[PDB]
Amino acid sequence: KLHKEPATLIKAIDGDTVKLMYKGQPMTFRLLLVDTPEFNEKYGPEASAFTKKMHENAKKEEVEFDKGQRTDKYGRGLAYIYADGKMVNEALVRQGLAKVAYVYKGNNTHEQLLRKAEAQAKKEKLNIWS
């Protein structure tokens, strides 16, 4: 029911935002359903590094919008972002580098997937959960 669409990296930003070219236009994307620590907070650097590596090493980046709001109040695109088929949002949670967060009704298709990842991260006492 959701669809992956093409994009190309313009620039890594931090754990939960990235600059991508989408339909030929530069956009800042904010990753749905997650919150990484800000760069100055604990695990912030590690979260940014993690996403910078995923995004930059990817051959193919893709954007998947949910069923709701596609842009937030700051004009950031709201999407699930995939790096060579692997969801960055979920990877962050699974590594304990983000919390599931900002779960608004109707842009929450992958909520349960991410919560499962968070439970596994917490069980493994990874990073934020250490």
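All residue numbers are counted from 1 along the displayed sequence.
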| property | result |
| --- | --- |
| Residue range whose averaged C-alpha B-factor is higher in the record, 26-34 or 52-60 | 52-60 |
| Between 37-45 and 92-100 (mean CA B-factor, as deposited), the higher | 37-45 |
| Residue with highest C-alpha B-factor in the PDB entry, from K105, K73, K86, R70 | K105 |
| Third of chain Cα B-factors occupied by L9 | middle |
| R115, C-alpha B-factor rank within chain (lowest, middle or highest third) | lowest |
